[PDB]
Amino acid sequence: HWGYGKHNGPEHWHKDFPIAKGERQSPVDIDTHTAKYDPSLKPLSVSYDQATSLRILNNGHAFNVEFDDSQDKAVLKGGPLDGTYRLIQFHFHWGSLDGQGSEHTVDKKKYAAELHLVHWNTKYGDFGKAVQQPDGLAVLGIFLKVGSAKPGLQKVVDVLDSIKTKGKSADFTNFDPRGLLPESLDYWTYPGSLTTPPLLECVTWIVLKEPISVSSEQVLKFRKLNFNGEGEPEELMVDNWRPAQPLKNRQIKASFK
Ligand SMILES: CCc1c(F)c(F)c(S(N)(=O)=O)c(F)c1F
Ligand SMILES: OC[C@H]1O[C@@H](O)[C@H](O)[C@@H](O)[C@@H]1O
Ligand SMILES: [Zn+2]
């Protein structure tokens with residue numbers, strides 16, 4: 001099955017998932033000079049006060065923090081979005097070293113990691129139907145740099161020892177994703193895809209300009225996770241990022257002048 005290694009990684013995905021070579025693949029490099037301020041973007045609304053986290057899962061590619069999306073609690077709206085998008089999960093991509101790990105790049109700069117908060121468009125009823133639509137998903141992407149610790153991340157860090165290997169999960173209730181946001185909501189936006197197989201072209205990407213800082217100790221604990229299952233030879237879960245893909249017939253819009 002697909003992964004991030006030499007024999008199953010991003011350069012192989014197109015064989016099982018030919019959309020990998022499609023017209024609106026993600027991630028992309030964000031050329032800050034070419035991105036254009038868009039006055040038609042409405043204010044972005046990140047409304048996470050009633051979020052209900054449930055569980056954290058090592059899926060063999062990353063770890064997902066899952067939310068109760070059975071009703072409108074944690075939602076994203078405004079900006080480029082038409083209607084209401086409900087938070088279903090978040091996860092990260094990260095590197096083996098601090099100089100790589102992000103999926104999006106900014107003027108070709110790679111960050112140490114990238115957080116993805118995944119939301120589905122409520123007009124389609126469920127996530128599965130949403131991923132059959134060109135506007136089914138909105139992913140809020142947040143870069144991580146290594147510096148001061150992010151206090152709101154520590155609860156995630158401290159549970160990772162209990163989900164070291166593929167297929168392990170743990171209760172993860174009462175986690176507040178507001179503690180993972182930077183101060184500014186300035187963002188870039190463009191139409192793209194899932195960055196993992198099945199690579200479906202359903203996503204409105206909203207990538208925040210301001211990174212969050214996490215400590216070296218925090219990201220080092222991400223790097224102790226395993227891609228493999230329990231009892232199998234250890235393959236550290238590192239470098240679980242897809243590189244930038246061709247922009248093709250797309251423009252990146254900026255929320256800020
Ligand atoms: C199918 C579940 C799923 C992912 F596994 C995933 F990695 C992403 S991503 N990296 O594009 O944010 C999604 F948006 C997503 F919906
Ligand atoms: O034709 C002019 C238009 O070209 C488009 O490619 C740009 O996105 C618009 O901002 C611009 O007004
Ligand atoms: Zn992701």
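Both counts, for ligands and for their atoms, begin at 1 and track the order of listing. Keep in mind that the numbers below use all heavy atoms, side chains included, and drop hydrogens, waters and symmetry copies. Throughout, numbering of the chain's residues begins at 1 and tracks the sequence.
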Legend entry - Pairs involving residues 195-206, ordered by first then second residue, that meet side chain to side chain donor-acceptor pair (under 3.5 Å) (sequence neighbours left out): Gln25-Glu201, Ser26-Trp205, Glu103-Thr195
Legend entry - Positive for salt bridge (charged side-chain N to carboxylate O under 4.0 Å, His left out) with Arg86, one of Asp72, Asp68, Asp69: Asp72
Inset, instruction - State, yes or no, whether a side-chain contact exists between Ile206 and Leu76 at a heavy-atom distance under 4.5 Å. - result: yes
Inset, instruction - Show all protein N/O/S atoms under 2.8 Å from the Zn ion (ligand 3), or state that there are none. - result: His91 NE2, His93 NE2, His116 ND1
Legend entry - Partner of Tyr111 by ring-ring contact (aromatic ring centres under 6.0 Å, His included), out of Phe143, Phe92, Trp241: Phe143
Legend entry - Residues in the immediate environment of ligand 2 (any heavy atom closer than 4.0 angstrom): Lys36, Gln251, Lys253
Inset, instruction - With the side chain counted from C-beta on, respond yes when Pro177 and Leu117 share a heavy-atom pair under 4.5 Å apart, and no when they do not. - result: yes
Enumerate the pairs of nitrogen or oxygen atoms, one from ligand 1 and one from the protein, separated by less than 3.5 angstrom; state names and distance to 0.1 Å.
| from | atom 1 | to | atom 2 | distance (Å) |
| --- | --- | --- | --- | --- |
| ligand 1 | 10 (N) | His91 | NE2 | 3.3 |
| ligand 1 | 10 (N) | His93 | NE2 | 3.3 |
| ligand 1 | 10 (N) | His116 | ND1 | 3.3 |
| ligand 1 | 10 (N) | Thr195 | OG1 | 2.8 |
| ligand 1 | 11 (O) | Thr195 | N | 3.0 |
| ligand 1 | 12 (O) | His116 | ND1 | 3.3 |

Legend entry - Aromatic centroids of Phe63 and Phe222 separated by under 6.0 Å: yes
Legend entry - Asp29-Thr105 side chain donor-acceptor pair, cut-off 3.5 Å: yes
Legend entry - Ring centroid separation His93 to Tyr4 under 6.0 Å: no
Inset, instruction - Pick out which of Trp2, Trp94, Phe227 makes a ring-ring contact (aromatic ring centres under 6.0 Å, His included) with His61. - result: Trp2
